[PDB]
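Show me how the following folds:
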Amino acid sequence: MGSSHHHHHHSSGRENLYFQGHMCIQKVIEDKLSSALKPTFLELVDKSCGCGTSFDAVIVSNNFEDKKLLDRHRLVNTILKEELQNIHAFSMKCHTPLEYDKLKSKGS
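Numbers count the residues shown, from 1 in each chain. Pasting the structure now:
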């Protein structure tokens, strides 16, 4: 038995820690890639490349645990195609809820 793969839209219950629901350029980019890759957790830190604001986002998504290197690459580039247009330099740290749980719950 199995075949369980649910099209979960957006939890709107676990991400209640972030107050970044206020409409802004950051909100747009965040929600756009979030809707596509669907990360259970998304951390956004300022990591300026040197010229202007730059965003360094730690992603936590099961979509990437399948180890589809080229597939996650093509998907990311497709959405971040337009996304990047609004950012001088967007950096991302690819991680899963499995590895994220380690960091948050225990440490290692």
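
Show the subsequent helix or strand relative to the lengthiest helix in the chain.
For the chain, the helix with the greatest residue count under DSSP state H is helix 69-83. Going down the chain from helix 69-83, the next helix or strand is strand 90-95, by DSSP states H and E.

what's the following helix or strand after that next one?
Defined by DSSP H and E, the subsequent element after strand 90-95 is helix 97-101.

okay, which residue is most central for the chain?
Nearest to the mean C-alpha position of the chain, counting by C-alpha atoms, centre = their mean, stands residue 59 at 3.9 Å.

So the residue nearest to residue 51 when sequence neighbours are not counted versus residue 22, what's the distance?
Of all residues not flanking residue 51 in the chain, residue 88 sits nearest, at 5.7 Å (C-beta to C-beta, 6 or more residues apart in numbering). (Each C-beta comes from the backbone N, C-alpha and C, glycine too.) Per C-beta to C-beta, to the nearest Å, residue 88 is found 22 Å from residue 22.

Looking at those two, which one has more neighbours?
Of the pair residue 88 and residue 22, residue 88 is the one with more neighbours under other C-beta atoms under 10 Å, namely 13 against 7.

Tell me which residues touch the more buried one, please.
If you count contacts by C-beta atoms under 8 Å, 6 or more residues apart in numbering, residue 88 has them with 48-49, 51-54.

Going by neighbour count, which of those comes out on top?
Ranked by neighbour count (other C-beta under 10 Å), these have residue 54 at the top, with 16 neighbours.

related to what we said a few turns ago, can I take it that the residue nearest to the centre of the chain is in a helix?
No: counting by DSSP: H, G, I helix; E, B strand; the rest coil, residue 59 is located in no helix; its state is strand.

how much space between the residue nearest to residue 51 and residue 23?
21 Å.

and if you look at residue 53?
17 Å.

follow-up on the earlier one: format the contacts of residue 88 as TSV; extra columns: secondary structure and distance to residue 106.
Below are the contacts of residue 88 laid out as TSV (DSSP: H, G, I helix; E, B strand; the rest coil; distance: C-beta to C-beta, whole Å):
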residue	secondary structure	distance to residue 106
48	coil	32
49	coil	33
51	coil	39
52	strand	37
53	coil	33
54	coil	31
